[PDB]
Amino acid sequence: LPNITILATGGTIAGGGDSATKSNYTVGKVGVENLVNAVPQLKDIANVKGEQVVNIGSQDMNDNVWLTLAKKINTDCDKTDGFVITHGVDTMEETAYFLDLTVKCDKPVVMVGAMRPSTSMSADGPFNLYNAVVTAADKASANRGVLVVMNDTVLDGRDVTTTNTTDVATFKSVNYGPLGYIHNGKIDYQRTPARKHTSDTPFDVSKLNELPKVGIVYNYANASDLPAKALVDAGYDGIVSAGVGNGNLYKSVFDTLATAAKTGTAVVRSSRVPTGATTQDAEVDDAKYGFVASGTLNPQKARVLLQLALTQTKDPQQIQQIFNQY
């Protein structure tokens, strides 16, 4: 039986409320031991060791917790057969991707959460955790990058996103689909991400105490340029536009970001549209403005890759190539 290390960060998976049938709960409240012991069947499939890294709602996830997770996995790689990270849903898609690009360990890292607290009727957490361990324990799960496991499905860290505010089925890889489905503790993998990840990336956070500052501005009809200006005035290293349609920008926001791109701020166009690439060669001449197109990376995922890109380079043509490879 493999050795599996659960790194706990909080989330609703570790959350509780007063009633099995009322929606009110709080988060990252129960400890890693409690979760494990709630799933005795884990003994059938793994020797599980739990460690509490933080205990927070993933709505409060942040760069320092990402640094700690990356360093820890890379540090402790030799001591275990794989990692499960228990985490809230809200920003799982971000942390997954950060880890997808910064872990160098060749053992599976599988992230997991729940939409219902442990106390709720038909809570999803227990089986989700079980399945995350199955996955981390499967030899065939290696060399697929960092994963998320929810609702019987194995998802790659890059494409995976939450699609619904409440559904147990929220996590989908919305552009290229899942890697594998889980049934009866076994996985039939039929896909692997082609974009470079983990040890094929140049990103190394081992000696980083902070990450480049990147903020996200939303576009909409009659959008204020004040948010963008505020990030410019603060000397942000980069800005991601949550564009409309195929990464389009309101004229005010466009004008502000075009000025900033000239001064040296990195500007990535992404889109608020939930599926599909923000493309080159549509309505915005990126080359002319010095902007980068995000491809299928949603704004928050684009921020993740931009911060990491910014650790290697400030040159927009090089940042674009990074956005084309990872």
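A residue's number is simply how far along the shown sequence it sits, counting from 1.
When the C-alpha B-factors of 73-81 and 208-216 are averaged, 73-81 comes out higher. Of the two segments examined, 164-172 and 118-126, it is 118-126 that shows the higher average Cα temperature factor in the deposited entry. In the PDB entry, the Cα temperature factor peaks, among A293, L297, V65, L35, at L35. When the C-alpha B-factors of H87, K139, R144, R158 are read from the PDB record, the largest value belongs to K139. Among the modelled residues of the chain, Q321 sits in the middle third by CA temperature factor in this PDB entry. Ranked against the other modelled residues of its chain, the C-alpha B-factor of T278 as given in the entry falls in the middle third. In the deposited entry, the Cα temperature factor of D152 places it in the middle third of its chain's modelled residues. Ranked within its chain, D188 lands in the highest third, by CA B factor from the PDB record.
Residue-level temperature factors show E94 in the lowest third of its chain, judged at the C-alpha atom.
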